[PDB]
Structure formats: structure tokens, C-alpha cells
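Same chain, two forms, each on its own as C-alpha cells: structure 1, then structure 2.
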Structure 1
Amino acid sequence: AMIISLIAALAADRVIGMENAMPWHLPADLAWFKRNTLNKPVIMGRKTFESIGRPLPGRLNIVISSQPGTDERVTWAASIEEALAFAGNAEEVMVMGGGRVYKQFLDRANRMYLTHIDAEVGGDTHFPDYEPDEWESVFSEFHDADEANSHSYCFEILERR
């Protein structure tokens, strides 16, 4: 039943390291949905957690790591199966760990929030290949660069079909 959502910002197929903890650029007409996301558990890899520097507040943070935990404010898991088990009866879990975390969750995922950013350089990891027949682009919205948008981008919600 659980919504399992990959959230990522992309430069072509390269994952962008976003300054914001949540890697999205939400269009103005979806800003309302940010309020809905605030209680959802987040799952991320260790390197992503270290880049943020602290947990996202007001929600369960689950960090996947093969090393001892370094922050009692988050829940430490050794596998994606353990991470999902910790998420309990949450209606939606958001997965944002690096390319490897995305690849490991892809088969269980059933939603993606993808921010396709133009004129930005990606990082050193690639978003996993996913099968086009398996995923539907249910929502998409482009915005050009302007005085309030440093980069043009397209925000897309995919759902499994």
C-alpha cells in the first residue's frame, strides 16, 4: 500500500547535489503539496546525510550505512529492507540517498519526483535506468529561467503503470 517515492534532481541522467535537503524545485502551483510531505519518513545514504549536516526536522529520518551511527536523532539501517521496515505504517516514504540508494529502491518504488534542471552540471553518479513502459509521467511542468528562477527546469511526477 505504501507510496515509495524516489526524489531526485537531475542534469540529463546525472544526480545533482542540491543545496536544499529535499532535492526538488517545486512549481508554484504544487507548493501546497510541500505541506503534505512534512511528516513523511525520509530514507537516504550515509554520504547524503553527511552533506545535510543534521536531520530533516519533524519527521523520521532513516540513514542507510554499513558504519556505526553518528547521530541519535536518526534511525540507522544496514539495508533497504531494514529501512522500509523502520518506516512502519507511514503512508509515503521519500528516498533521496545517492544513485546507489535510488538503484536499490527502484523495484520497490512506485512514484518519482524528478526535477530536471537545465544548464546545471550534475555530480559523479547517475540516476538508475528505469523501464519507460513501467512508468507514467502523470504530471509535468516547465518553468523558464527568470529573475526568480536561476535555472529553467521541468518538475515531473512519475507513477508506476
Structure 2
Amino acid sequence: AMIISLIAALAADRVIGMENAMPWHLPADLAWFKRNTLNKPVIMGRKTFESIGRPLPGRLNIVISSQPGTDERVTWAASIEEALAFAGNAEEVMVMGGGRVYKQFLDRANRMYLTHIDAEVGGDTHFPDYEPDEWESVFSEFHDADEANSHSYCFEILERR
């Protein structure tokens, strides 16, 4: 049973994106992202791959795009079907956005790695609205802002009932 997992950073009001990059500086979230995606296939949309600016080391990078990719260092998938097939027989595949990709994988996903950030950023792209009754929280860890992280943040792992 392949576990499909969504991993996302959510500001206030479920905001995940806006026109430009999110206005926060959270190296601790990037370290949590890295820890939870290493040695796993990682599925992302082409815009998210451009946001990163490079391949993610130590993991299988699967970028979904309708147009042919122009970077041989990652795996290019024309559809979510091709993306999942590229993940092979991995026990957990990580879906890291963006907004459209989250909507397409939500029904297939049985686990979520959510970072809740205490920032009212006023964005207009939101994480999909999921039913809270169908998910249960199995991990929770809170951190305050500090000299290195611009906002307080709460790591959470949810699993489908």
C-alpha cells in the first residue's frame, strides 16, 4: 500500500501561495521539509520546481508538466498518472505543491505534513478544504519565532481515518 502524502506550509486562512514568494523566512520549516522528504520520491508542479531553482538532492524529483521539460536532472511527467508510475514501488511518495497539484492528489492522499505559520499574508491561493472529521492528528510540535525564523510555526502530521 503506497502512502501518498501531502506536505505544505500554510499561513493564516489556509493560504499557501500568492503572486510572488511567501513573505516569511523559516529555515526551520525547510529543515522539516528536508527531513521528511529525503530518500523519497517528490512530486511537484513545474512552477514549484522553478521556485526551488534546482533539483532537490537525495530524492527522486518528479516534475509534472504538459510541455517537455528543459532540465535533464529531474524526471518529467506529463500527468499525475505518469508521476505516480515514476515513483515506482516506493512506500511513501511526497506531494509538495503547488495549489493545483494538491487538489489533484487530495483524494488519493492518506497522510499530510502541515506546517501552520502564524502569518496573515493576504494571499489568494489556498490549501484544499478537507473534512476535519476524516483526518486525525498523530503528531504536533510548536515553535516560537526566533532570530532565525520570522514567524512562529506548528508542525503537524495528519492521517486519514
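Whichever C-alpha set is largest while still superposing within 1.5 Å between the two forms counts as the rigid core. Numbers follow structure 1, counted from its first residue as 1.
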remark   = In this pair, it is the form solved in complex with methotrexate (MTX) that is given as structure 2
ask   = Quick one: core overlaid, is residue 34 moving 2 Å or more at the Cα between structures 1 and 2?
value = yes
task = Spell out whether the Cα of residue 99 moves at least 2 Å between structures 1 and 2 when the two forms are superposed on their rigid core.
result = no
key: residue 122 C-alpha moves between structures 1 and 2 by 2 Å or more, core aligned   = yes
remark   = For residue 44, the CA shift between structures 1 and 2 after fitting the core, in Å, is 0.2
inquiry  = Rigid core superposed, I'd like the Cα shift of residue 23 between structures 1 and 2 in Å.
reply    = 13.5
key: Rigid-core-superposed Cα shift at residue 148 between structures 1 and 2, Å   = 5.0
